Structures are given as C-alpha cells and as structure tokens.
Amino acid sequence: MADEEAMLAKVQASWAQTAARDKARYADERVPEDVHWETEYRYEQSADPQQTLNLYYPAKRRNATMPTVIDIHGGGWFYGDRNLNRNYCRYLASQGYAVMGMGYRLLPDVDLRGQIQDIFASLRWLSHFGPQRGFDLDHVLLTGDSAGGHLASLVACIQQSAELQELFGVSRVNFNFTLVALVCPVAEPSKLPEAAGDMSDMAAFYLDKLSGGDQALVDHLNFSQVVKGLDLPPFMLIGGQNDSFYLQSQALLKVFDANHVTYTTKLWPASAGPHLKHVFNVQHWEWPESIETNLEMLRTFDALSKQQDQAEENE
C-alpha cells in the first residue's frame, strides 16, 4: 500500500533520529565500572540477531549466586536491541545483581505475539542456564522501560494465566517475579491518541502493527485487558510529571486501583526539574536522581525478597 509504506517510512525516520541521539549519548556517557558482561547468547536455535541476550555481573561476586534482574528494553516496539540499555544494566549489576537483557524481534517483521514469544524464550533460556552461571531465580526483578514497560506488564500477567499463555503461544517459566518495575511504561497503547507527540500522532499505525490484524491481540494489547482476575506480583511504577508519557502512568494507576494491584511508586514531581524526562534513569544512570531511583527500586526488590525468605523459613 502507498500510504502504509509511507507511514512505515515516517516511523523509521523518527527512530533513526532517536538512534543517532542514543549513539551520541553512549559515546560520551560514563560507563559503570567493576562489571563483567557475557554477550550475544542465542536463546533459541536461530541466527536472527535479535533472538540473543546479554548477561551482566559485578566483577567481584560476594556470592556464587546473586538475585536476578531481567530487563526488557524500550524503543516503541520498532527499535532497539540487547545493547540499548547496556549502561543501565551494568549499573544494576554493579550493585550485586545478576542481570539479563534480551533482544526481541521488532515491528513490523513480527507482531506483539512474536515479541512476547521472544521474551518468554529468553526467560526459558535463563531458567535452564542461569543458575549454573550465577543467577538466583528465587528472587527475580522484572523491569522494562516505555514499550519495554508495556511488554513487561503483559509478561507479568501472561506468566500467571493459562488462558493468556495459550493465546500468546507460550508456556509458563519455572520461576516467578518478585517485583515488576515499570519505568515510564506505555502500558495502555489504545490511549496513545489522547496525548501529543510522534507515537501518539502515528498511534493507529502502531496499534495495527502490534495486533497484526489478530483480534485476539487487539483484545489483549493493554494491561487493563490482561490484568483481569489474576493474582499478580507487586508492581513499582517509576516516572514523573516531566515524562512525555506521564498520561500513561496516570492511566495505569487507575487500572492498578480498579484491579487491586499491590504497588508502590517513585514518580518525580515537575518541581524536581525538566531534566527528569522520559526514561531518564535508564538513559543516564550516573545522575543523582537516577541513582536514587534505581537504588530505591533495588531496595524495594530486596525488601520483598527478604519477606519471601522469612515466609519460607529460609532467612
């Protein structure tokens, strides 16, 4: 279609501009020290470069196994790879955590189901291979930023629900999430039209590529559609009033309240400054507010982990 190939070309130009911004940022930014990484593991029998993951660890491990963080990167479902959030992942690992971050195939080559299947395959891989190399899968923090927060919010629900597992064509994995931390999530993509910005303007096209025309995906594209009826882990919602997607965070809180989700928040006020933009704590680990946000996340995780251990007579 004329207009369709044009719409794709517009979306790809927006992400090419982002790409240049990301490259310029990483060329200058301080890198977290005292971390080791293992790169480019295939998580299935495929040569698709996106179906790969990275693992990150502190350079000196206190213990043979460390609590796990699993990161799902953002980029509007159309952009990104396992290296995009490398500095944020190194930061978390430097705090004493075993961290995994995966690639997933991008729209428009797959739809939302292909993305969810890729993520569940990376989790399944980790359930087989993680413990032997340092991952404690009894204590798992699942986190995602922006479109990655959308995906993380869906994965958290799918993991609890046999029906959603069938619809998305995945099996449950043999570990649970201790905490699910969403950073400026786009968890209600059907509301994208009522805000301003590039994604919101192009919204119907994003929604179409996410669903791939499958009405079952249309009916399960939003957290508010997959949350119903499930007993979920606790959530932590991170962001702020200077997030260009703040309306999404406001919408998500209402979904949380209506569904009796257990959550805490770290939402920065506008008064804390204009620099606390969309996903600032992921893009600039080194800023003081980013350190405060990220440590607050890890401390929430640790508190939930400790409670679980007391509960399981394993303190």
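Start at 1 and count along the sequence shown; that's the residue number.
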| item | value |
| --- | --- |
| Entry-level comparison of average CA B-factors, 99-107 and 220-228, reporting the higher stretch | 220-228 |
| Average Cα temperature factor in the PDB entry - higher stretch of 253-261, 56-64 | 56-64 |
| Residue of maximum C-alpha B factor among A181, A93, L192, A147, per deposited coordinates | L192 |
| Selection from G213, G75, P185, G114 [criterion: highest C-alpha temperature factor in the record] | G213 |
| Position of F120 among the chain's modelled residues by C-alpha B-factor, lowest, middle or highest third | lowest |
| CA B-factor ranking of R133, expressed as a third of its chain | middle |
| Modelled-residue ranking by C-alpha temperature factor, third containing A203 | highest |
| Record-listed C-alpha B factor of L247: chain third | highest |
| Modelled-residue ranking by C-alpha temperature factor, third containing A196 | highest |
